[PDB]
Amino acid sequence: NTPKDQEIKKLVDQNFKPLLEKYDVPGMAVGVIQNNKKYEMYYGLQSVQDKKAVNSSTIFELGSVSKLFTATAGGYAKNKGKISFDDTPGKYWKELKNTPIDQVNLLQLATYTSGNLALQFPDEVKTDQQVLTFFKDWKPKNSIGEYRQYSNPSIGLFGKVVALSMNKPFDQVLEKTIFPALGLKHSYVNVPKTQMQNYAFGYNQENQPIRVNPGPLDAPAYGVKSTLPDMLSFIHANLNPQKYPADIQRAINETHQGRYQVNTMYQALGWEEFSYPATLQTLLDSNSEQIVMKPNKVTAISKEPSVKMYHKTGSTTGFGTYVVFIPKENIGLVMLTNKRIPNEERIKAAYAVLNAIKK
């Protein structure tokens, strides 16, 4: 006896709204798409000092959810014949030819199995020449392809090679090719001056206003900004890839293909993948310190899950993101905040909402 849009708003109020007070978060956007119908819920302020309300135009930093766009770009290049995932980086970045890193193939870079690449570049690697020197100085540790360690330099180098194969800077690969193909008109690597008024402040742990700073290969690792409507469209594209031209369709499907497992988690291209229904602990394990911060030996996929779900967390110093979608339920959810909150809370809140929505 209650309209569906009110039912979903109530669920988001019950499970996401309390996080605002609990973590002193200034602003939040939550969206649900179910059976091609979109539901948008905005809370709080995109700028505290300006008393500017979060709304459909608010631009948030996606953090590592940006890696999903990097993976789509690589899937696009691969299916256009510009790269093979068996290639090594020196085929495209010629100065890496005959260096040790040129023994690692593009899939291994994209899925974090070089065997010796940490979460971040060293603090002092900043310039283009310093990034090149860092990879020229790279030497193997663990056997290549056997150990997963979540790594910005790893997928950053993949993104750089994808851009080289397409004869464009990476920011242009997204803003001129991939965002238009996905129908995203309010998504940016670099937010233009004409849109800065819509760029939220992020807020650090002292609730001080901040925004992301430049860093090495930032764009492919964590450098996309977007709005809730654009992120719901992105979820829509992942739920309905057969509604895009052949090259973009195949690119999206590329990001859904599991490549190896670490226990219950399947590493796809950018996306993390799970058998569905997934237990809460399966989803929480994917965010454990053991999985996120340490190397873990990988194993071949044994059960290729017919029914599955995908998710990805992302953070910058001042923003939190979570995206999740379940193809066979034709449903997905996006959470954007301009303050970080624990990944476990994002996963729990989305799990409660998605399981409670009437089918």
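Counting begins at 1, following the sequence as shown.
As the entry records it, the average C-alpha temperature factor is higher for 139-147, out of 227-235 and 139-147. Between the stretches 278-286 and 163-171, it is 163-171 that shows the larger average CA temperature factor. For the set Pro214, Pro220, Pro209, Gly270, the PDB entry assigns the largest Cα B-factor to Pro214. The PDB entry assigns the greatest CA B-factor among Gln242, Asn152, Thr113, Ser187 to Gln242.
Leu117: CA B factor in the middle third of modelled residues in this chain (values from the PDB entry).
Ranked within its chain, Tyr199 lands in the lowest third, by CA B factor from the PDB record. Ranked against the other modelled residues of its chain, the C-alpha B-factor of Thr317 as given in the entry falls in the middle third. Split the chain's modelled residues into thirds by C-alpha temperature factor. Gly75 is in the middle one. In the deposited entry, the Cα temperature factor of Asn55 places it in the lowest third of its chain's modelled residues.
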